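What follows is a short report on a single structure.
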Amino acid sequence: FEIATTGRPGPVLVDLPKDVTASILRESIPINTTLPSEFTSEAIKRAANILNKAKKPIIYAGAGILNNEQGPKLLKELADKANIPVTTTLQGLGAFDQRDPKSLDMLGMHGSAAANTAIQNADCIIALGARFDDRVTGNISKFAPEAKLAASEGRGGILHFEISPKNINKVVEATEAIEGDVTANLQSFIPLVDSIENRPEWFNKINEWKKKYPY
Amino acid sequence: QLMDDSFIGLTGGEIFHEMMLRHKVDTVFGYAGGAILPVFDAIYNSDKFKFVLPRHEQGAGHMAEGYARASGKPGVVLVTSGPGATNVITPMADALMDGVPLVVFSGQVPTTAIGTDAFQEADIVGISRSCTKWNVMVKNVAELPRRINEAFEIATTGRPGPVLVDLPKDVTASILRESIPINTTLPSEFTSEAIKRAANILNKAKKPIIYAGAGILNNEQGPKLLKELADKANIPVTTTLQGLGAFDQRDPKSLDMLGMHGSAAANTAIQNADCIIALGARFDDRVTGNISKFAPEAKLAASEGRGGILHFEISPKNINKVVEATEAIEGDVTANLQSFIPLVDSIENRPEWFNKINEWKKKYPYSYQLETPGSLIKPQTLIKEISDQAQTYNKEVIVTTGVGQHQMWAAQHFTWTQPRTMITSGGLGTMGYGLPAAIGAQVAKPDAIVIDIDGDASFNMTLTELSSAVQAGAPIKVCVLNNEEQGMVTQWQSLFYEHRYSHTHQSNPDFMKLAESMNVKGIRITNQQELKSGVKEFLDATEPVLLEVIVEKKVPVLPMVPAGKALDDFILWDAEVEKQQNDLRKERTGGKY
Amino acid sequence: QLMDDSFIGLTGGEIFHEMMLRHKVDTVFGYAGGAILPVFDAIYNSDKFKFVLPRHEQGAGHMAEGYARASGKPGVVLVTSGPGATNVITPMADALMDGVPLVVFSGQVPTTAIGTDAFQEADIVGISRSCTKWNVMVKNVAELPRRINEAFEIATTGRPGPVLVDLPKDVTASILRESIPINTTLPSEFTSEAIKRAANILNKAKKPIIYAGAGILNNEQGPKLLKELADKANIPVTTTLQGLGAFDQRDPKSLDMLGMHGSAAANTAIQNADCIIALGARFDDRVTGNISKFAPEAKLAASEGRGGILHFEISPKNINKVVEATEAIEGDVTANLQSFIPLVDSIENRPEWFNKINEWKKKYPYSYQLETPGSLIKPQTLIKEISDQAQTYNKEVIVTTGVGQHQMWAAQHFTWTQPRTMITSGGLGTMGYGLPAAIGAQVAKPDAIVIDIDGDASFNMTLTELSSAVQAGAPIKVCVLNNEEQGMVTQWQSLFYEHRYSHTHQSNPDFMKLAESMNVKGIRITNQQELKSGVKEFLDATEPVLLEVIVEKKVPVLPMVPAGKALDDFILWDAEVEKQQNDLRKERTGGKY
Ligand SMILES: Cc1cc2nc3c(=O)[nH]c(=O)nc-3n(C[C@H](O)[C@H](O)[C@H](O)COP(=O)(O)OP(=O)(O)OC[C@H]3O[C@@H](n4cnc5c(N)ncnc54)[C@H](O)[C@@H]3O)c2cc1C
Ligand SMILES: Cc1cc2nc3c(=O)[nH]c(=O)nc-3n(C[C@H](O)[C@H](O)[C@H](O)COP(=O)(O)OP(=O)(O)OC[C@H]3O[C@@H](n4cnc5c(N)ncnc54)[C@H](O)[C@@H]3O)c2cc1C
Ligand SMILES: Cc1cc2nc3c(=O)[nH]c(=O)nc-3n(C[C@H](O)[C@H](O)[C@H](O)COP(=O)(O)OP(=O)(O)OC[C@H]3O[C@@H](n4cnc5c(N)ncnc54)[C@H](O)[C@@H]3O)c2cc1C
Ligand SMILES: COC(=O)c1ccccc1S(=O)(=O)NC(=O)Nc1nc(I)cc(OC)n1
Ligand SMILES: COC(=O)c1ccccc1S(=O)(=O)NC(=O)Nc1nc(I)cc(OC)n1
Ligand SMILES: C/C(NCc1cnc(C)nc1N)=C(/S)CCOP(=O)([O-])OP(=O)([O-])O
Ligand SMILES: C/C(NCc1cnc(C)nc1N)=C(/S)CCOP(=O)([O-])OP(=O)([O-])O
Ligand SMILES: [K+]
Ligand SMILES: [K+]
Ligand SMILES: [Mg+2]
Ligand SMILES: [Mg+2]
């Protein structure tokens, strides 16, 4: 139960030989068995400084944000505070209220051309519990060119909030990797992030793309 | 017509012998035992190849690696079941990490005993799965020629590496009774477009650099084409440890070795280059420094459409594994260079770039604290002496090493000029490699001078193989840098663990009496005034020879890019810092070190 | 209350150190390297256990095995990543086959580098899976105490065997920040009915025999209870190679060792017994001879309801694996003997059976060709000399061996009287075992005489560890039987391959100069007239000592049950046959051998 539910959740299997389950316990057992960081802190601060420079930010949110009851609340709090449009994966659908004007809908192979256009043009991508799977990235070498350029010029990049080290820097290089539960790390992150009232040029583009690219 | 009956009536062992011939095997390294006897009986007094007998199967394995790296042919190993086979595991893991074509034949208990925890039974196919490209257990004699062909093919194609073929005793004793397919008795537009794209990128570059490794050594024309490219487009060249000798380090365009202990000039250049041409090298973590901070000018140039990383790589596994390639050029680097170079613009001069390259080379020599009156010989000086004197014989000079500080000083302070002359354990980093690798290289190249630059600890690991050199007629030259310490580990303990030397001083034998016991010539250099003449005696010897040199202890290898740091964030040698370090070490150890 | 915070603030390395203490570890065998530095830093200058530094990690592994077999405690190994870890694979496979509790701790590259073909990265969990009972990679410091407890528990329970715990450098450098379960910070009717049934069977037997092996050595009361049973029910006792010393061979009831090279009396007795009491032995294929022809009188008696095989075995895997047990008695053989013996009827005499047993013992001594004037010392004579002289010190005598003819002659010709005094590689049969095993046994039992009876080839494998004996203060006694051949293999080549000696004569160093170089006393016995005094000098030495004895070459170990033959279908020594064999060998090799 512990392995299934911690880190990235997933399946486990316990094989039960019939003679074991028919046998009777004859001996006492440890009572514990009868009952159910500075590095990251610095990365969060660095990540916030990057987002505070961004002129075209975008949140790319997936299933991981659903794994804490406070996840969607904190996602909304960040998008509201720093005034950031939000796209989600297939598995993140429902993490963000799609009626919100900041919603870009689903990205990817069959996602909105508005969302796909926005992430291709964003200077800062905040990846929240999503693994850059190949249905989402399109051609990997051509993925997120404005974010990669911004990373190179020290004014943006990819901020990856991910609980499983296996999925950090697996597909795309993170400018900052923030390891651990995305919801807990958002609680540290948001206070370091500057409140932004308006982004006229960016949202002007976001709004034209949404109008141009309905389903 | 498509079936062949010419092997009918032969034992599996006899078939093995015949397939070795057909694969042009001229040397086998191995050691007998019960399960492999039918094969040993078949090769008894064979005049078709040389057999080399080590004292330990680990020795056979590293010998075969040395042989393969020196010759460009696969190194063939023949050992018995059980411990004979498990003893080859370190050499297989070693060959896998360094891309060495090794074909390991291990005897196995009869098929009727497999899985019964039989006498001398190891699950070697299970154990060696992670440290081979491929392995197989032969289950009947009719498939033995096919499996031998498959082994040699897999070992030598793609990225070369080790394979293992398990031979049950009843299979190799059995006689072929049926004909077998005659084929078994005998041994792109996408990339073309990538090459064109890559050439267009290089033609824009204002700060190009070639980063060349072991893969360029895997074609005889490799170094020639590397030079042709560097000459045509006027590009400075750095190499990995494993690429040493791919480029003539006397050329002004040579930046020497890059990486953790590479030249600060090379490290500076690759950190500032707008275009990195990676030729048969895998971006291993000894080379890149902190990966997120690696090659920032090349990544910026890629983003701005005016440069990036052009990766010529034969194994898809190693493309985009560590760093994103701007263009991936898949396949043999030498063949692809033949297509690439004609598309590349000839460049006469690069004044601003080479002005920087030349200032960095001047600023960042491999500096160290020289000898002082009465001091011990410095290990850096010893290597320079060997390199200067060796270069004066009319013979090829091949260098093998152990693992540790001596290995890094050998890399830095030899002048590398010829391909397949640096034979060193890089990826796995196996202490004990140096001596058996030298025997194998010496067997491959009987007219070469072969020098094992070894550490005392490393040498201790496999010193028994000195008898093997004598028995094989291999006149290897072993130089033990005796600092009476595991220097590379004490370097880390001085630097990161406040001079707490935890179990890093093994006691050494008397190396001169050891040599005598092994019937090997022995020379001992104990002071500065014996260095030149002792090294001359060493190189002039025409028999196996062990040179022991007493060298300064507790001396760090510099430059050094520490873990976590960017490639251009290196520690440099400083005389005053070294003095302070010595005083601190003395205080902290109560004068013991 | 159920959580413990006493480890908070400690590094993984410090936690490792503390758990060694809690597990009463008094000795660690190991060798440093980069990935394991945080652990070496934590154990720096520890006065809590002795650290033993070999020259090669294979040495550490076999030392730990020797230690474990001599002490009955687990042998603890601490090595670095990559080649440090792959170098322990043969000792792990060895420990697995011989049931030796080995706890191997291997450093690993940081979790952030695993799977990247990192510097000195081996997949040791994958590689060692087949040669351990269990292994694990620790992924965070909070689980490190639990994994250490699990390792020691698995290594030492059921059939003992090797386990491996992989320790990423960032885990052992990291600091515990959270409390952990306090339990992790600290170290049948069915069988009862089978025992009763087994006793009823033995009470019917007219020709019983005890077949005792290593399992009886795994409880201090084992040999006592074995003797109590043999005395009560008046039963002759044979043992395996690994059971030697479980029964006092001076007892008239002793049949000596059975098997391929065991006494023809023991082999005859077990082939004729109506009831075989198998006590901690696994029916390995060196013991059973042709399995379908094994123990026919016991199988007949089982069918007729008046005997059979009573197998006392702790591992279900080894029950009914090779031979069908008439009654399987699962669990620790010593504990189950305590229940069994009271149900067993006391028997005063067995006139007809012991009349046969006594005639077979008289008929089947370990005969061989004695010395003649001018001949070399016979290896059988040498072993008898060592055994007779050793038995006269007021000290325990522990014997280790290499693998080959010398090992079999040691088994046959020593008189075994005490448990855990024969420490030899049996299941895997690893040449090179003898010297490091002796160092480990000597460290376990500092007041014992420890004698490595070694072959020349075997010794060559790991001779570098002589320096380790000196550095560890282990006054081991190495006797090299120098026949200048891999005698066991030449025995098979003489017998089955018409005297075709394919690569079975390795060249030897000068063993006296070798000893000198290693700072070890050296003695050389070259003729019959030096045997007694040279062996006395060897045994009287109070420092490490290497005795070389020149012995007769091309002498077979007899008796011998060849592959395919029933246990009672053995070759016996015959003087005239040996003479003819010598003449045939001479003719066939043109006088070379
Ligand atoms: C026909 C078809 C078409 C598809 N097309 C699309 C498409 O167009 N667009 C699209 O989006 N998908 C598409 N998919 C789905 C796609 O294949 C993936 O399943 C999906 O994109 C993965 O979404 P995800 O990364 O949010 O979720 P996951 O795959 O579950 O990855 C979640 C990531 O978050 C991490 N994580 C988990 N919990 C936490 C936590 N508490 N804190 C931090 N991190 C955590 C995980 O370790 C993981 O790396 C398609 C599927 C099909 C069958
Ligand atoms: C103590 C120590 C310190 C070290 N420090 C350094 C250091 O400072 N600098 C350094 O360079 N190394 C250092 N190393 C060595 C390092 O660990 C690696 O072994 C080495 O850098 C790998 O070099 P490479 O990429 O050229 O060779 P390899 O590891 O063999 O990689 C060759 C690459 O080329 C590919 N290839 C093979 N054949 C072909 C072909 N025909 N065509 C195209 N591609 C091909 C392969 O598939 C592979 O991807 C050190 C080692 C030790 C033990
Ligand atoms: C060249 C050579 C020749 C050889 N020839 C012979 C020979 O002629 N004769 C011979 O005997 N050997 C010979 N061997 C050795 C042979 O290969 C085996 O190693 C040996 O016979 C195994 O002995 P064993 O069954 O007592 O020990 P093990 O192999 O250790 O088996 C012990 C058994 O007892 C069980 N056990 C362990 N602990 C307990 C416990 N507490 N309670 C109950 N059961 C327990 C184990 O699970 C196991 O099944 C030879 C080896 C070599 C290298
Ligand atoms: C190496 O052992 C095996 O291959 C094996 C294992 C299990 C069953 C049968 C066999 S076997 O084919 O018959 N061969 C032997 O036994 N050979 C053998 N050789 C020697 I030299 C020595 C020796 O015994 C000391 N045995
Ligand atoms: C043993 O190597 C590793 O454990 C490793 C492997 C891949 C990445 C990072 C690392 S690391 O934790 O930083 N440690 C080193 O590098 N250590 C290191 N130690 C020595 I002594 C010597 C040496 O280099 C010669 N390195
Ligand atoms: C212990 C160790 N490395 C860990 C280690 C352990 N075990 C093996 C088989 N290989 C390695 N690489 C080194 S580099 C010390 C080398 O000492 P040396 O051979 O005397 O060389 P030097 O003193 O010049 O650094
Ligand atoms: C090659 C071999 N066996 C195969 C073999 C190969 N390699 C290993 C590591 N172990 C074994 N057991 C033997 S027993 C020869 C032993 O020779 P020796 O040590 O000089 O002993 P002896 O001559 O008394 O038989
Ligand atoms: K150089
Ligand atoms: K005896
Ligand atoms: Mg040294
Ligand atoms: Mg011998």
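Note on naming: chains are A, B, ... as they come in the structure tokens, residues start from 1 per chain, ligands start from 1 in the order shown.
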*Could you name the residues that touch range 136-153 of chain A at 8 Å or less, counting only C-alpha atoms, but leaving out those on the same chain fewer than 4 positions away, as a VMD selection string?*
(chain A and resid 89 107 to 109 119 to 125 132 157 to 158 171 to 172 175) or (chain B and resid 296 299 to 300 303 to 304 326)
*Kindly provide, as a ChimeraX atom specification, all nucleotide and amino acid residues lying within 8 Å of ligand 7, counting only C-alpha atoms and all ligand atoms.*
/B:31-34,56-57,79-85,87,120 /C:402-407,428-432,454-461,481-490,504
_Within 12 Å of chain A, which residues belong to chain B? Use only C-alpha atoms and report them as an NGL selection string._
:B and (291-305 or 308 or 320-328)
Residue selection dump (C-alpha atoms) as an mmCIF file, in the first residue's frame:
data_model
loop_
_atom_site.group_PDB
_atom_site.id
_atom_site.type_symbol
_atom_site.label_atom_id
_atom_site.label_comp_id
_atom_site.auth_asym_id
_atom_site.auth_seq_id
_atom_site.Cartn_x
_atom_site.Cartn_y
_atom_site.Cartn_z
ATOM 1 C CA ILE B 291 25.177 18.791 -17.401
ATOM 2 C CA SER B 292 22.739 21.687 -17.041
ATOM 3 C CA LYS B 293 25.676 24.123 -17.349
ATOM 4 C CA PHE B 294 27.408 22.287 -20.200
ATOM 5 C CA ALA B 295 28.043 24.002 -23.554
ATOM 6 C CA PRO B 296 25.919 27.129 -22.980
ATOM 7 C CA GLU B 297 27.167 28.962 -26.105
ATOM 8 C CA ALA B 298 26.306 25.981 -28.295
ATOM 9 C CA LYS B 299 22.808 25.745 -26.830
ATOM 10 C CA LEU B 300 22.280 29.465 -27.324
ATOM 11 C CA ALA B 301 23.486 29.235 -30.925
ATOM 12 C CA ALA B 302 21.127 26.288 -31.560
ATOM 13 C CA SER B 303 18.239 28.402 -30.264
ATOM 14 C CA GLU B 304 19.206 31.289 -32.494
ATOM 15 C CA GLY B 305 19.605 29.060 -35.544
ATOM 16 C CA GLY B 308 24.511 23.773 -31.812
ATOM 17 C CA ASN B 320 20.003 12.484 -27.217
ATOM 18 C CA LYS B 321 20.857 10.460 -24.128
ATOM 19 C CA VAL B 322 22.695 13.162 -22.191
ATOM 20 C CA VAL B 323 22.553 16.296 -24.337
ATOM 21 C CA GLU B 324 20.161 17.232 -27.117
ATOM 22 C CA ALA B 325 21.780 17.040 -30.569
ATOM 23 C CA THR B 326 20.885 19.882 -32.928
ATOM 24 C CA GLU B 327 21.494 17.340 -35.674
ATOM 25 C CA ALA B 328 21.947 13.646 -35.079
#
*asked:* Taking only C-alpha atoms and all ligand atoms into account, list the residues no farther than 6 Å from ligand 1, as a ChimeraX atom specification.
replied: /A:8,62-64,67,89-92,107-111,129-133,135-136,161-164,167,180-182
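CA of residue 192 in chain B lies 28.3 Å from CA of residue 98 in chain B.
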Write out as a PDB file with N, CA, C and O atoms, in the first residue's frame each polymer residue (protein, DNA or RNA) that has an atom no more than 7 Å from ligand 5, with only C-alpha atoms and all ligand atoms counted.
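Saved the output as pocket.pdb:
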ATOM      1  N   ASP B 285      29.850  11.368 -18.067  1.00  0.00           N
ATOM      2  CA  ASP B 285      29.784  12.375 -17.020  1.00  0.00           C
ATOM      3  C   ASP B 285      31.147  12.811 -16.483  1.00  0.00           C
ATOM      4  O   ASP B 285      31.205  13.779 -15.730  1.00  0.00           O
ATOM      5  N   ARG B 286      32.238  12.167 -16.920  1.00  0.00           N
ATOM      6  CA  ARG B 286      33.583  12.656 -16.606  1.00  0.00           C
ATOM      7  C   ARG B 286      33.937  13.834 -17.534  1.00  0.00           C
ATOM      8  O   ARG B 286      34.844  14.605 -17.250  1.00  0.00           O
ATOM      9  N   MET B 488      44.355   8.527  -5.947  1.00  0.00           N
ATOM     10  CA  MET B 488      43.149   9.206  -6.400  1.00  0.00           C
ATOM     11  C   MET B 488      42.146   9.278  -5.262  1.00  0.00           C
ATOM     12  O   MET B 488      41.450  10.278  -5.094  1.00  0.00           O
ATOM     13  N   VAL B 489      42.086   8.230  -4.444  1.00  0.00           N
ATOM     14  CA  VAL B 489      41.159   8.269  -3.339  1.00  0.00           C
ATOM     15  C   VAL B 489      41.680   9.194  -2.257  1.00  0.00           C
ATOM     16  O   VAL B 489      40.892   9.901  -1.634  1.00  0.00           O
ATOM     17  N   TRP B 492      40.698  12.753  -3.097  1.00  0.00           N
ATOM     18  CA  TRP B 492      39.334  13.048  -2.668  1.00  0.00           C
ATOM     19  C   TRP B 492      39.182  13.150  -1.156  1.00  0.00           C
ATOM     20  O   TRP B 492      38.429  14.002  -0.655  1.00  0.00           O
ATOM     21  N   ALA B 563      32.739  17.550  -8.818  1.00  0.00           N
ATOM     22  CA  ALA B 563      31.323  17.193  -8.945  1.00  0.00           C
ATOM     23  C   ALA B 563      30.404  18.376  -8.697  1.00  0.00           C
ATOM     24  O   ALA B 563      30.594  19.154  -7.751  1.00  0.00           O
TER      25      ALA B 563
ATOM     26  N   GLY C  33      36.706   3.254  -2.690  1.00  0.00           N
ATOM     27  CA  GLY C  33      36.543   3.797  -4.020  1.00  0.00           C
ATOM     28  C   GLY C  33      35.577   4.965  -3.944  1.00  0.00           C
ATOM     29  O   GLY C  33      34.950   5.183  -2.898  1.00  0.00           O
ATOM     30  N   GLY C  34      35.450   5.722  -5.032  1.00  0.00           N
ATOM     31  CA  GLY C  34      34.674   6.958  -4.993  1.00  0.00           C
ATOM     32  C   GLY C  34      33.235   6.846  -4.487  1.00  0.00           C
ATOM     33  O   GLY C  34      32.803   7.650  -3.658  1.00  0.00           O
ATOM     34  N   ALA C  35      32.480   5.839  -4.947  1.00  0.00           N
ATOM     35  CA  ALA C  35      31.055   5.787  -4.640  1.00  0.00           C
ATOM     36  C   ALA C  35      30.790   5.425  -3.184  1.00  0.00           C
ATOM     37  O   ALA C  35      29.718   5.721  -2.656  1.00  0.00           O
ATOM     38  N   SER C  81      31.544   0.957  -6.071  1.00  0.00           N
ATOM     39  CA  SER C  81      30.728   0.658  -7.243  1.00  0.00           C
ATOM     40  C   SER C  81      31.511   0.051  -8.402  1.00  0.00           C
ATOM     41  O   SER C  81      32.744  -0.095  -8.345  1.00  0.00           O
ATOM     42  N   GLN C 108      27.405   2.558  -4.929  1.00  0.00           N
ATOM     43  CA  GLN C 108      26.764   2.714  -6.226  1.00  0.00           C
ATOM     44  C   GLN C 108      26.843   4.194  -6.555  1.00  0.00           C
ATOM     45  O   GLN C 108      26.935   5.023  -5.650  1.00  0.00           O
ATOM     46  N   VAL C 109      26.814   4.526  -7.838  1.00  0.00           N
ATOM     47  CA  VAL C 109      26.760   5.920  -8.256  1.00  0.00           C
ATOM     48  C   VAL C 109      25.471   6.548  -7.690  1.00  0.00           C
ATOM     49  O   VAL C 109      24.528   5.816  -7.336  1.00  0.00           O
ATOM     50  N   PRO C 110      25.428   7.891  -7.579  1.00  0.00           N
ATOM     51  CA  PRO C 110      24.253   8.564  -7.001  1.00  0.00           C
ATOM     52  C   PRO C 110      22.962   8.149  -7.702  1.00  0.00           C
ATOM     53  O   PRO C 110      22.983   7.890  -8.910  1.00  0.00           O
ATOM     54  N   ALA C 113      22.356   9.441 -11.138  1.00  0.00           N
ATOM     55  CA  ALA C 113      23.179   8.981 -12.264  1.00  0.00           C
ATOM     56  C   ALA C 113      22.854   7.531 -12.666  1.00  0.00           C
ATOM     57  O   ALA C 113      23.322   7.045 -13.701  1.00  0.00           O
ATOM     58  N   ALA C 118      26.800   5.619 -16.159  1.00  0.00           N
ATOM     59  CA  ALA C 118      27.608   6.558 -15.407  1.00  0.00           C
ATOM     60  C   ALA C 118      29.017   6.048 -15.172  1.00  0.00           C
ATOM     61  O   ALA C 118      29.301   4.858 -15.289  1.00  0.00           O
ATOM     62  N   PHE C 119      29.904   6.973 -14.829  1.00  0.00           N
ATOM     63  CA  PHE C 119      31.235   6.607 -14.376  1.00  0.00           C
ATOM     64  C   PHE C 119      31.206   5.532 -13.277  1.00  0.00           C
ATOM     65  O   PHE C 119      30.574   5.727 -12.238  1.00  0.00           O
ATOM     66  N   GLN C 120      31.894   4.406 -13.513  1.00  0.00           N
ATOM     67  CA  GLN C 120      31.919   3.257 -12.576  1.00  0.00           C
ATOM     68  C   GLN C 120      30.547   2.732 -12.170  1.00  0.00           C
ATOM     69  O   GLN C 120      30.359   2.274 -11.046  1.00  0.00           O
ATOM     70  N   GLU C 121      29.604   2.778 -13.098  1.00  0.00           N
ATOM     71  CA  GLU C 121      28.282   2.229 -12.847  1.00  0.00           C
ATOM     72  C   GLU C 121      28.164   0.815 -13.405  1.00  0.00           C
ATOM     73  O   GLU C 121      28.334   0.579 -14.611  1.00  0.00           O
ATOM     74  N   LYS C 169      25.816   6.631  -3.586  1.00  0.00           N
ATOM     75  CA  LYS C 169      26.627   7.586  -2.864  1.00  0.00           C
ATOM     76  C   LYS C 169      25.809   8.734  -2.249  1.00  0.00           C
ATOM     77  O   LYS C 169      26.133   9.214  -1.158  1.00  0.00           O
ATOM     78  N   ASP C 170      24.749   9.166  -2.929  1.00  0.00           N
ATOM     79  CA  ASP C 170      23.970  10.298  -2.401  1.00  0.00           C
ATOM     80  C   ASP C 170      23.107   9.860  -1.216  1.00  0.00           C
ATOM     81  O   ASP C 170      22.821  10.662  -0.331  1.00  0.00           O
TER      82      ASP C 170
END
*All residues within 6 Å of ligand 2 are required, counting only C-alpha atoms and all ligand atoms; please report them as a PyMOL selection string.*
(chain B and resi 98-99+159+213-215+218+240-243+258-262+280-284+286-287+312-315+318+331-333+403-404+426-427+429) or (chain C and resi 119)
*Could you give me the residues within 10 Å of ligand 9, counting only C-alpha atoms and all ligand atoms, as a ChimeraX atom specification?*
/C:244-245,248-250,254-257,262-263,365-366,384,387,409-417
*asked:* Need the shell around residue 26 in chain B: protein/DNA/RNA residues with any atom at most 10 Å away, counting only C-alpha atoms. Skip same-chain ones fewer than 6 positions apart. Format as a ChimeraX atom specification?
replied: /B:20,47-51,73,75-76,444
Output N, CA, C and O atoms for every residue in the selection just made, as a PDB file, in the first residue's frame.
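Result file is part38.pdb:
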ATOM      1  N   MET B  20      36.805 -20.717 -35.578  1.00  0.00           N
ATOM      2  CA  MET B  20      37.807 -19.719 -35.220  1.00  0.00           C
ATOM      3  C   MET B  20      38.656 -19.350 -36.436  1.00  0.00           C
ATOM      4  O   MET B  20      38.897 -18.158 -36.690  1.00  0.00           O
ATOM      5  N   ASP B  47      48.133 -25.153 -34.758  1.00  0.00           N
ATOM      6  CA  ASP B  47      49.047 -24.134 -35.273  1.00  0.00           C
ATOM      7  C   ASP B  47      48.274 -23.022 -35.986  1.00  0.00           C
ATOM      8  O   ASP B  47      48.858 -22.223 -36.708  1.00  0.00           O
ATOM      9  N   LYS B  48      46.961 -22.973 -35.778  1.00  0.00           N
ATOM     10  CA  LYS B  48      46.115 -22.005 -36.469  1.00  0.00           C
ATOM     11  C   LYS B  48      45.980 -20.675 -35.724  1.00  0.00           C
ATOM     12  O   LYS B  48      45.622 -19.674 -36.322  1.00  0.00           O
ATOM     13  N   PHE B  49      46.218 -20.663 -34.415  1.00  0.00           N
ATOM     14  CA  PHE B  49      46.213 -19.402 -33.682  1.00  0.00           C
ATOM     15  C   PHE B  49      47.152 -19.554 -32.501  1.00  0.00           C
ATOM     16  O   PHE B  49      47.541 -20.672 -32.158  1.00  0.00           O
ATOM     17  N   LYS B  50      47.532 -18.431 -31.901  1.00  0.00           N
ATOM     18  CA  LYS B  50      48.355 -18.432 -30.700  1.00  0.00           C
ATOM     19  C   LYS B  50      47.408 -18.554 -29.522  1.00  0.00           C
ATOM     20  O   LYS B  50      46.372 -17.881 -29.495  1.00  0.00           O
ATOM     21  N   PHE B  51      47.739 -19.399 -28.549  1.00  0.00           N
ATOM     22  CA  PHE B  51      46.940 -19.461 -27.327  1.00  0.00           C
ATOM     23  C   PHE B  51      47.715 -18.783 -26.216  1.00  0.00           C
ATOM     24  O   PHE B  51      48.911 -19.032 -26.044  1.00  0.00           O
ATOM     25  N   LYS B  73      40.610  -5.943 -33.842  1.00  0.00           N
ATOM     26  CA  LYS B  73      39.935  -7.235 -34.011  1.00  0.00           C
ATOM     27  C   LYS B  73      39.254  -7.634 -32.703  1.00  0.00           C
ATOM     28  O   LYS B  73      39.630  -7.150 -31.642  1.00  0.00           O
ATOM     29  N   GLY B  75      38.555  -9.590 -29.312  1.00  0.00           N
ATOM     30  CA  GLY B  75      39.402 -10.342 -28.392  1.00  0.00           C
ATOM     31  C   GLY B  75      38.636 -11.615 -28.001  1.00  0.00           C
ATOM     32  O   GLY B  75      37.491 -11.560 -27.547  1.00  0.00           O
ATOM     33  N   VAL B  76      39.248 -12.769 -28.211  1.00  0.00           N
ATOM     34  CA  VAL B  76      38.521 -14.033 -27.981  1.00  0.00           C
ATOM     35  C   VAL B  76      38.990 -14.695 -26.691  1.00  0.00           C
ATOM     36  O   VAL B  76      40.186 -14.860 -26.488  1.00  0.00           O
ATOM     37  N   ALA B 444      49.084  -8.537 -29.734  1.00  0.00           N
ATOM     38  CA  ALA B 444      48.535  -7.989 -30.972  1.00  0.00           C
ATOM     39  C   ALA B 444      49.581  -7.290 -31.843  1.00  0.00           C
ATOM     40  O   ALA B 444      49.490  -7.335 -33.062  1.00  0.00           O
TER      41      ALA B 444
END
_Residue among B:116, B:40, B:198, B:360 lying closest to ligand 3, counting only C-alpha atoms and all ligand atoms_ = B:116
*Identify, with DSSP run on backbone atoms, the residues in range 72-175 of chain A assigned to helix (DSSP H, G or I), and express the list as a ChimeraX atom specification.*
/A:72-82,113-121,140-142,145-152,165-167
_Show me, as a list in words, the residues that have an atom within 9 Å of residue 36 in chain A when counting only C-alpha atoms, minus same-chain residues fewer than 3 positions from it._
residues 1, 2, 32 and 33 of chain A
*asked:* Residues of range 352-458 of chain C classed as strand (DSSP E) by DSSP on the backbone are to be reported as a list in words.
replied: residues 397, 398, 399, 400, 401, 422, 423, 449, 450, 451, 452, 453, 454 and 455 of chain C
